[PDB]
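Colleague: File follows, structure.cif with mmCIF, C-alpha atoms:
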```cif
data_protein
loop_
_atom_site.group_PDB
_atom_site.id
_atom_site.type_symbol
_atom_site.label_atom_id
_atom_site.label_comp_id
_atom_site.auth_asym_id
_atom_site.auth_seq_id
_atom_site.Cartn_x
_atom_site.Cartn_y
_atom_site.Cartn_z
ATOM 1 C CA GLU Z 42 -1.229 4.017 12.695
ATOM 2 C CA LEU Z 43 -0.507 3.225 8.929
ATOM 3 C CA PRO Z 44 1.682 0.149 8.154
ATOM 4 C CA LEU Z 45 5.305 0.985 7.285
ATOM 5 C CA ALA Z 46 5.927 -2.338 5.531
ATOM 6 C CA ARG Z 47 3.121 -1.555 3.033
ATOM 7 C CA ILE Z 48 4.379 2.003 2.429
ATOM 8 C CA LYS Z 49 7.760 0.502 1.576
ATOM 9 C CA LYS Z 50 6.195 -1.946 -0.891
ATOM 10 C CA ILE Z 51 4.527 0.936 -2.739
ATOM 11 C CA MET Z 52 7.826 2.869 -2.909
ATOM 12 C CA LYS Z 53 9.552 -0.314 -4.154
ATOM 13 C CA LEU Z 54 7.085 -0.638 -7.121
ATOM 14 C CA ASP Z 55 9.400 1.705 -9.043
ATOM 15 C CA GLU Z 56 12.278 -0.115 -10.795
ATOM 16 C CA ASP Z 57 14.763 2.691 -10.008
ATOM 17 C CA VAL Z 58 14.190 2.865 -6.240
ATOM 18 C CA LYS Z 59 16.272 -0.026 -4.845
ATOM 19 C CA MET Z 60 17.546 1.150 -1.418
ATOM 20 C CA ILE Z 61 15.222 3.058 0.965
ATOM 21 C CA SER Z 62 16.298 4.489 4.332
ATOM 22 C CA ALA Z 63 14.294 3.341 7.384
ATOM 23 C CA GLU Z 64 12.996 6.888 8.085
ATOM 24 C CA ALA Z 65 11.531 7.327 4.594
ATOM 25 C CA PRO Z 66 8.353 5.230 5.216
ATOM 26 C CA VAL Z 67 7.820 6.971 8.558
ATOM 27 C CA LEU Z 68 7.753 10.327 6.759
ATOM 28 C CA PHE Z 69 5.296 8.949 4.187
ATOM 29 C CA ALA Z 70 2.988 7.523 6.826
ATOM 30 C CA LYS Z 71 2.539 11.000 8.300
ATOM 31 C CA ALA Z 72 2.541 12.751 4.904
ATOM 32 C CA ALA Z 73 -0.129 10.339 3.586
ATOM 33 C CA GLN Z 74 -2.221 11.186 6.633
ATOM 34 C CA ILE Z 75 -1.932 14.955 6.003
ATOM 35 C CA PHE Z 76 -2.694 14.390 2.296
ATOM 36 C CA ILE Z 77 -5.748 12.165 2.951
ATOM 37 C CA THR Z 78 -7.001 14.787 5.363
ATOM 38 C CA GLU Z 79 -6.780 17.753 2.931
ATOM 39 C CA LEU Z 80 -8.081 15.752 -0.058
ATOM 40 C CA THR Z 81 -11.021 14.516 2.004
ATOM 41 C CA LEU Z 82 -11.877 17.937 3.406
ATOM 42 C CA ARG Z 83 -11.744 19.472 -0.118
ATOM 43 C CA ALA Z 84 -13.955 16.609 -1.462
ATOM 44 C CA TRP Z 85 -16.466 17.154 1.343
ATOM 45 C CA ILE Z 86 -17.064 20.706 -0.004
ATOM 46 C CA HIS Z 87 -18.724 19.133 -3.055
ATOM 47 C CA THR Z 88 -20.494 16.489 -0.934
ATOM 48 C CA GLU Z 89 -22.321 19.249 0.905
ATOM 49 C CA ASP Z 90 -22.930 21.233 -2.320
ATOM 50 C CA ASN Z 91 -24.941 18.210 -3.641
ATOM 51 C CA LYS Z 92 -26.910 18.048 -0.394
ATOM 52 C CA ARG Z 93 -25.460 14.614 0.545
ATOM 53 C CA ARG Z 94 -23.964 13.332 3.844
ATOM 54 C CA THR Z 95 -22.131 10.604 1.863
ATOM 55 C CA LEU Z 96 -18.808 11.458 0.240
ATOM 56 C CA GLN Z 97 -18.432 9.847 -3.208
ATOM 57 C CA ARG Z 98 -15.689 9.366 -5.840
ATOM 58 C CA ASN Z 99 -16.975 12.356 -7.890
ATOM 59 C CA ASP Z 100 -16.467 14.702 -4.975
ATOM 60 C CA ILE Z 101 -12.759 13.715 -5.029
ATOM 61 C CA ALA Z 102 -12.661 14.154 -8.833
ATOM 62 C CA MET Z 103 -14.041 17.672 -8.389
ATOM 63 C CA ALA Z 104 -11.687 18.653 -5.560
ATOM 64 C CA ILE Z 105 -8.742 17.445 -7.652
ATOM 65 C CA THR Z 106 -9.637 19.935 -10.445
ATOM 66 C CA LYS Z 107 -9.945 22.845 -7.937
ATOM 67 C CA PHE Z 108 -6.467 22.710 -6.372
ATOM 68 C CA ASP Z 109 -3.226 23.009 -8.345
ATOM 69 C CA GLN Z 110 -1.410 20.880 -5.700
ATOM 70 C CA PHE Z 111 -3.590 17.927 -6.852
ATOM 71 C CA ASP Z 112 -2.727 18.302 -10.544
ATOM 72 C CA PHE Z 113 -0.746 15.021 -10.303
ATOM 73 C CA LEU Z 114 -4.006 13.087 -9.613
ATOM 74 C CA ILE Z 115 -5.826 14.170 -12.793
ATOM 75 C CA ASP Z 116 -5.040 10.841 -14.487
ATOM 76 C CA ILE Z 117 -6.005 8.918 -11.345
ATOM 77 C CA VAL Z 118 -9.512 10.344 -10.750
ATOM 78 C CA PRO Z 119 -10.712 12.121 -13.924
ATOM 79 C CA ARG Z 120 -13.656 14.586 -13.651
ATOM 80 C CA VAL P 268 -1.199 22.716 -15.313
ATOM 81 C CA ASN P 269 1.002 23.159 -12.204
ATOM 82 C CA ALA P 270 4.454 24.169 -13.456
ATOM 83 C CA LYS P 271 6.060 22.355 -10.418
ATOM 84 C CA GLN P 272 4.414 19.001 -11.176
ATOM 85 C CA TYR P 273 4.310 18.899 -15.021
ATOM 86 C CA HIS P 274 7.561 17.037 -15.663
ATOM 87 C CA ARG P 275 6.993 14.491 -12.806
ATOM 88 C CA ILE P 276 3.386 13.838 -13.990
ATOM 89 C CA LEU P 277 4.777 12.828 -17.421
ATOM 90 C CA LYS P 278 7.327 10.530 -15.830
ATOM 91 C CA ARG P 279 4.670 8.787 -13.640
ATOM 92 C CA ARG P 280 2.434 8.247 -16.759
ATOM 93 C CA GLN P 281 5.356 6.309 -18.275
ATOM 94 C CA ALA P 282 6.124 4.403 -15.050
ATOM 95 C CA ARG P 283 2.403 3.382 -14.722
ATOM 96 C CA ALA P 284 2.406 2.312 -18.408
ATOM 97 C CA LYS P 285 5.382 0.034 -17.687
ATOM 98 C CA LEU P 286 3.934 -1.662 -14.571
ATOM 99 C CA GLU P 287 0.771 -2.205 -16.613
ATOM 100 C CA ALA P 288 2.718 -3.589 -19.602
ATOM 101 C CA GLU P 289 3.873 -6.107 -16.971
ATOM 102 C CA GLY P 290 1.265 -7.264 -14.395
ATOM 103 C CA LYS P 291 2.129 -5.308 -11.238
ATOM 104 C CA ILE P 292 -0.939 -3.016 -11.488
ATOM 105 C CA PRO P 293 -4.208 -3.327 -13.517
ATOM 106 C CA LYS P 294 -5.589 -1.143 -16.343
ATOM 107 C CA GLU P 295 -8.638 -0.094 -14.266
ATOM 108 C CA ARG P 296 -8.937 -2.239 -11.051
ATOM 109 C CA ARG W 53 -3.015 -8.861 -4.601
ATOM 110 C CA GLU W 54 -4.131 -5.263 -3.708
ATOM 111 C CA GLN W 55 -2.439 -5.935 -0.325
ATOM 112 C CA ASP W 56 0.752 -5.488 -2.406
ATOM 113 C CA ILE W 57 -0.023 -2.078 -4.003
ATOM 114 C CA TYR W 58 -2.471 -0.189 -1.698
ATOM 115 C CA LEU W 59 -2.735 0.832 1.956
ATOM 116 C CA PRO W 60 -5.411 -1.139 3.908
ATOM 117 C CA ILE W 61 -8.863 0.285 3.144
ATOM 118 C CA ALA W 62 -9.970 0.535 6.795
ATOM 119 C CA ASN W 63 -6.864 2.495 7.736
ATOM 120 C CA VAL W 64 -7.356 4.928 4.852
ATOM 121 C CA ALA W 65 -11.066 5.134 5.805
ATOM 122 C CA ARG W 66 -10.269 5.938 9.477
ATOM 123 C CA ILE W 67 -8.187 8.947 8.398
ATOM 124 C CA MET W 68 -10.974 10.142 6.097
ATOM 125 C CA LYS W 69 -13.678 9.826 8.799
ATOM 126 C CA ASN W 70 -11.605 12.049 11.079
ATOM 127 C CA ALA W 71 -11.583 14.688 8.313
ATOM 128 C CA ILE W 72 -15.363 14.985 7.825
ATOM 129 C CA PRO W 73 -18.155 15.740 10.381
ATOM 130 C CA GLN W 74 -19.250 12.862 12.705
ATOM 131 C CA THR W 75 -22.589 12.951 10.878
ATOM 132 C CA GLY W 76 -20.796 12.240 7.565
ATOM 133 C CA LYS W 77 -20.464 8.959 5.664
ATOM 134 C CA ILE W 78 -18.001 7.794 3.024
ATOM 135 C CA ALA W 79 -18.960 5.500 0.132
ATOM 136 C CA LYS W 80 -16.918 2.315 -0.354
ATOM 137 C CA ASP W 81 -15.989 3.632 -3.804
ATOM 138 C CA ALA W 82 -14.634 6.873 -2.311
ATOM 139 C CA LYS W 83 -12.528 4.908 0.232
ATOM 140 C CA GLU W 84 -11.151 2.971 -2.719
ATOM 141 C CA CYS W 85 -10.515 6.132 -4.678
ATOM 142 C CA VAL W 86 -8.484 7.743 -1.844
ATOM 143 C CA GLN W 87 -6.675 4.397 -1.589
ATOM 144 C CA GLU W 88 -5.572 4.961 -5.215
ATOM 145 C CA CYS W 89 -4.754 8.640 -4.709
ATOM 146 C CA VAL W 90 -2.525 7.895 -1.713
ATOM 147 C CA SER W 91 -0.572 5.253 -3.584
ATOM 148 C CA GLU W 92 -0.040 7.746 -6.454
ATOM 149 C CA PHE W 93 1.032 10.410 -3.928
ATOM 150 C CA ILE W 94 3.681 8.087 -2.503
ATOM 151 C CA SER W 95 4.930 7.088 -5.972
ATOM 152 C CA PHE W 96 4.910 10.703 -7.333
ATOM 153 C CA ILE W 97 7.073 12.098 -4.536
ATOM 154 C CA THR W 98 9.284 8.960 -4.452
ATOM 155 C CA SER W 99 9.944 9.231 -8.173
ATOM 156 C CA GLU W 100 11.062 12.836 -7.710
ATOM 157 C CA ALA W 101 13.172 11.987 -4.635
ATOM 158 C CA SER W 102 14.766 9.204 -6.715
ATOM 159 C CA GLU W 103 16.151 11.918 -9.017
ATOM 160 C CA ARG W 104 17.403 14.175 -6.128
ATOM 161 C CA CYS W 105 20.939 12.695 -6.199
ATOM 162 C CA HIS W 106 22.730 10.396 -8.732
ATOM 163 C CA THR W 112 19.628 5.342 -1.077
ATOM 164 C CA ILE W 113 16.414 7.396 -0.972
ATOM 165 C CA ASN W 114 16.425 9.113 2.426
ATOM 166 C CA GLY W 115 14.150 11.369 4.447
ATOM 167 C CA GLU W 116 15.913 14.506 3.245
ATOM 168 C CA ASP W 117 15.382 13.509 -0.408
ATOM 169 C CA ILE W 118 11.640 13.069 0.251
ATOM 170 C CA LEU W 119 11.413 16.393 2.032
ATOM 171 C CA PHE W 120 13.101 18.236 -0.849
ATOM 172 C CA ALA W 121 10.874 16.496 -3.421
ATOM 173 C CA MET W 122 7.902 17.561 -1.377
ATOM 174 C CA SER W 123 9.221 21.155 -1.554
ATOM 175 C CA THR W 124 9.939 20.886 -5.278
ATOM 176 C CA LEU W 125 6.535 19.481 -6.207
ATOM 177 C CA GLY W 126 4.430 22.021 -4.260
ATOM 178 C CA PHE W 127 3.920 20.334 -0.868
ATOM 179 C CA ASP W 128 6.076 22.861 1.065
ATOM 180 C CA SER W 129 3.343 23.188 3.750
ATOM 181 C CA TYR W 130 4.041 19.506 4.777
ATOM 182 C CA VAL W 131 7.772 20.021 5.465
ATOM 183 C CA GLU W 132 7.818 21.574 8.919
ATOM 184 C CA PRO W 133 5.060 19.330 10.370
ATOM 185 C CA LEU W 134 6.963 16.335 8.925
ATOM 186 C CA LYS W 135 10.294 17.379 10.405
ATOM 187 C CA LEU W 136 8.585 17.915 13.789
ATOM 188 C CA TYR W 137 7.008 14.405 13.444
ATOM 189 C CA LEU W 138 10.322 12.662 12.592
ATOM 190 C CA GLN W 139 11.878 14.454 15.560
ATOM 191 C CA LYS W 140 9.278 13.154 18.052
ATOM 192 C CA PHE W 141 9.513 9.795 16.321
ATOM 193 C CA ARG W 142 13.248 9.203 16.867
ATOM 194 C CA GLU W 143 13.513 10.863 20.332
#
```
Would you mind giving the structure from this file in structure tokens?
Modeller:
Amino acid sequence: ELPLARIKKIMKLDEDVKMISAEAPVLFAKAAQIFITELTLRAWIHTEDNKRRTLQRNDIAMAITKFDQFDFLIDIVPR
Amino acid sequence: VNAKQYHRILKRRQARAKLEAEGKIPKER
Amino acid sequence: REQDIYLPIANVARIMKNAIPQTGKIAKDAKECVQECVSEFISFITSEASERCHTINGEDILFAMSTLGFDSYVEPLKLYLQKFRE
């Protein structure tokens, strides 16, 4: 599914990254899918805990603080 | 904080500051 | 333009919907949030892969993923790239 061209653009936001191999965006497309999946499932835990069927930004903020693998997102979605 | 990510988190703070200091990403959105 | 720094909202949303029960809903704001997280995820790994040697290649990204605590992603990703190129 996800658009390779757009993944490349995001990678190319960094001044240092100049040349990217063609495979690299393919890997990211799948990796981003796996990552969205686990983040979303962890967020959903808190959605249910607040007796909602609608996942909200604070659920993601909470799930970020509960998993050391998501430490890099603390600045992005502060609890 | 995750010992694996600590250094790279600091670097990305600085990279985000730079793109901001330009106009390639916003402060908030 | 947002089209220049984020994945398309509907595409991000489709992946999220698959992750929650059919009965579930996702707020616009949460779709937008994941949109932001996924861009950071790409940039985080990329930045590490950039400092793997010295072209950023698939091997660089895989190592960075291992370095930064996403080791669980490596085998699935290698299996994916395999199917992809075959």
Colleague: Could you jot down the CA of residue 117 in chain W to CA of residue 60 in chain W separation for me, Å, one decimal place?
Modeller: 25.8 Å
Colleague: Pick out the residues sitting within 9 Å of residue 52 in chain Z, and hand them over as a count of residues only; count all atoms listed in the file, and ignore anything fewer than 2 positions along from it in its own chain.
Modeller: 14
Colleague: What are the residues of chain P lining chain Z at 9 Å or less? Count all atoms listed in the file, and put the answer as a list in words.
Modeller: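 My answer is residues 268, 269, 271, 272, 273, 275, 276, 279, 280, 282, 286 and 291 of chain P.
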Colleague: May I have a table of the residues of chain W lying at most 12 Å from chain P, giving each one's closest pair of atoms and their distance in Å to one decimal, counting only C-alpha atoms, ordered by chain and ascending residue number, as a Markdown table?
Modeller:
```
| residue | atom | partner | partner_atom | distance |
| --- | --- | --- | --- | --- |
| W:53 | CA | P:291 | CA | 9.1 |
| W:54 | CA | P:292 | CA | 8.7 |
| W:55 | CA | P:292 | CA | 11.6 |
| W:56 | CA | P:291 | CA | 8.9 |
| W:57 | CA | P:292 | CA | 7.6 |
| W:58 | CA | P:292 | CA | 10.3 |
| W:81 | CA | P:296 | CA | 11.7 |
| W:84 | CA | P:296 | CA | 10.1 |
| W:85 | CA | P:296 | CA | 10.6 |
| W:87 | CA | P:296 | CA | 11.8 |
| W:88 | CA | P:296 | CA | 9.9 |
| W:91 | CA | P:292 | CA | 11.4 |
| W:92 | CA | P:279 | CA | 8.7 |
| W:93 | CA | P:279 | CA | 10.5 |
| W:94 | CA | P:279 | CA | 11.2 |
| W:95 | CA | P:279 | CA | 7.9 |
| W:96 | CA | P:279 | CA | 6.6 |
| W:97 | CA | P:275 | CA | 8.6 |
| W:98 | CA | P:275 | CA | 10.3 |
| W:99 | CA | P:275 | CA | 7.6 |
| W:100 | CA | P:275 | CA | 6.7 |
| W:101 | CA | P:275 | CA | 10.5 |
| W:102 | CA | P:275 | CA | 11.2 |
| W:103 | CA | P:275 | CA | 10.2 |
| W:121 | CA | P:271 | CA | 10.3 |
| W:122 | CA | P:271 | CA | 10.4 |
| W:123 | CA | P:271 | CA | 9.5 |
| W:124 | CA | P:271 | CA | 6.6 |
| W:125 | CA | P:271 | CA | 5.1 |
| W:126 | CA | P:271 | CA | 6.4 |
| W:127 | CA | P:271 | CA | 10.0 |
| W:128 | CA | P:271 | CA | 11.5 |
```
Colleague: Those residues you just picked out, can you put them in a file as a JSON list (two decimals), keeping the file's coordinate frame with C-alpha atoms?
Modeller:
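Listing of out-v8.json after writing:
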```json
[["chain", "number", "residue", "atom", "x", "y", "z"],
["W", 53, "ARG", "CA", -3.02, -8.86, -4.60],
["W", 54, "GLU", "CA", -4.13, -5.26, -3.71],
["W", 55, "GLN", "CA", -2.44, -5.94, -0.32],
["W", 56, "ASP", "CA", 0.75, -5.49, -2.41],
["W", 57, "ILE", "CA", -0.02, -2.08, -4.00],
["W", 58, "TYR", "CA", -2.47, -0.19, -1.70],
["W", 81, "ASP", "CA", -15.99, 3.63, -3.80],
["W", 84, "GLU", "CA", -11.15, 2.97, -2.72],
["W", 85, "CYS", "CA", -10.52, 6.13, -4.68],
["W", 87, "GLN", "CA", -6.68, 4.40, -1.59],
["W", 88, "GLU", "CA", -5.57, 4.96, -5.22],
["W", 91, "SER", "CA", -0.57, 5.25, -3.58],
["W", 92, "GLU", "CA", -0.04, 7.75, -6.45],
["W", 93, "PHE", "CA", 1.03, 10.41, -3.93],
["W", 94, "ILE", "CA", 3.68, 8.09, -2.50],
["W", 95, "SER", "CA", 4.93, 7.09, -5.97],
["W", 96, "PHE", "CA", 4.91, 10.70, -7.33],
["W", 97, "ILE", "CA", 7.07, 12.10, -4.54],
["W", 98, "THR", "CA", 9.28, 8.96, -4.45],
["W", 99, "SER", "CA", 9.94, 9.23, -8.17],
["W", 100, "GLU", "CA", 11.06, 12.84, -7.71],
["W", 101, "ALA", "CA", 13.17, 11.99, -4.64],
["W", 102, "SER", "CA", 14.77, 9.20, -6.72],
["W", 103, "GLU", "CA", 16.15, 11.92, -9.02],
["W", 121, "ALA", "CA", 10.87, 16.50, -3.42],
["W", 122, "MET", "CA", 7.90, 17.56, -1.38],
["W", 123, "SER", "CA", 9.22, 21.16, -1.55],
["W", 124, "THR", "CA", 9.94, 20.89, -5.28],
["W", 125, "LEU", "CA", 6.54, 19.48, -6.21],
["W", 126, "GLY", "CA", 4.43, 22.02, -4.26],
["W", 127, "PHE", "CA", 3.92, 20.33, -0.87],
["W", 128, "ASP", "CA", 6.08, 22.86, 1.06]]
```
Colleague: Pick the closest to chain Z from W:62, W:105, W:136, W:71: which is it, counting only C-alpha atoms?
Modeller: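 The closest residue to chain Z is W:71.
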Colleague: Would you list which chain Z residues are within 8 Å of chain W using only C-alpha atoms, as a PyMOL selection string?
Modeller: chain Z and resi 42-44+47-48+50-52+54-55+57-65+67-69+71-79+81-82+85+94-98+101+110+113-114+117-118
Colleague: What does the distance from CA of residue 120 in chain Z to CA of residue 86 in chain Z come to in Å, to one decimal?
Modeller: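 Rounded to one decimal, the two atoms are 15.3 Å apart.
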Colleague: What separation in Å, quoted to one decimal, exists between CA of residue 119 in chain Z and CA of residue 104 in chain Z?
Modeller: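 Separation between CA of residue 119 in chain Z and CA of residue 104 in chain Z: 10.7 Å.
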Colleague: Take range 80-94 of chain Z, model N, CA, C and O atoms, and hand the result over as a short mmCIF file (atom, residue, chain, number, x, y, z; two decimals), keeping the file's coordinate frame.
Modeller:
```cif
data_model
loop_
_atom_site.label_atom_id
_atom_site.label_comp_id
_atom_site.auth_asym_id
_atom_site.auth_seq_id
_atom_site.Cartn_x
_atom_site.Cartn_y
_atom_site.Cartn_z
N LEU Z 80 -7.33 16.21 1.10
CA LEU Z 80 -8.08 15.75 -0.06
C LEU Z 80 -9.53 15.54 0.37
O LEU Z 80 -10.47 16.02 -0.27
N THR Z 81 -9.71 14.86 1.51
CA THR Z 81 -11.02 14.52 2.00
C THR Z 81 -11.83 15.75 2.36
O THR Z 81 -12.99 15.85 2.01
N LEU Z 82 -11.20 16.72 3.03
CA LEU Z 82 -11.88 17.94 3.41
C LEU Z 82 -12.29 18.73 2.16
O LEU Z 82 -13.38 19.31 2.08
N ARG Z 83 -11.43 18.76 1.15
CA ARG Z 83 -11.74 19.47 -0.12
C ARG Z 83 -12.88 18.74 -0.85
O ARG Z 83 -13.76 19.44 -1.39
N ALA Z 84 -12.90 17.41 -0.82
CA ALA Z 84 -13.96 16.61 -1.46
C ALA Z 84 -15.31 16.85 -0.80
O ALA Z 84 -16.34 16.93 -1.46
N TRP Z 85 -15.30 16.90 0.53
CA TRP Z 85 -16.47 17.15 1.34
C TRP Z 85 -17.22 18.45 0.94
O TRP Z 85 -18.44 18.54 1.05
N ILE Z 86 -16.47 19.47 0.49
CA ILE Z 86 -17.06 20.71 0.00
C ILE Z 86 -18.15 20.39 -1.04
O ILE Z 86 -19.24 20.98 -1.05
N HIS Z 87 -17.83 19.47 -1.95
CA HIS Z 87 -18.72 19.13 -3.06
C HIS Z 87 -19.84 18.19 -2.59
O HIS Z 87 -20.98 18.25 -3.09
N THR Z 88 -19.51 17.35 -1.59
CA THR Z 88 -20.49 16.49 -0.93
C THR Z 88 -21.65 17.32 -0.41
O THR Z 88 -22.82 17.06 -0.72
N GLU Z 89 -21.31 18.34 0.39
CA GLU Z 89 -22.32 19.25 0.90
C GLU Z 89 -23.05 20.02 -0.19
O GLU Z 89 -24.29 20.17 -0.15
N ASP Z 90 -22.32 20.50 -1.19
CA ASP Z 90 -22.93 21.23 -2.32
C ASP Z 90 -24.02 20.42 -3.08
O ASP Z 90 -24.90 21.00 -3.71
N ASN Z 91 -23.93 19.09 -3.03
CA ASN Z 91 -24.94 18.21 -3.64
C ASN Z 91 -25.93 17.69 -2.61
O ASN Z 91 -26.70 16.77 -2.89
N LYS Z 92 -25.92 18.29 -1.42
CA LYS Z 92 -26.91 18.05 -0.39
C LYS Z 92 -26.90 16.57 0.01
O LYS Z 92 -27.94 15.96 0.23
N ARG Z 93 -25.70 16.01 0.11
CA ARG Z 93 -25.46 14.61 0.55
C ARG Z 93 -24.70 14.64 1.87
O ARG Z 93 -24.01 15.64 2.12
N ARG Z 94 -24.84 13.58 2.67
CA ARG Z 94 -23.96 13.33 3.84
C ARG Z 94 -23.00 12.19 3.51
O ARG Z 94 -22.17 11.88 4.38
#
```
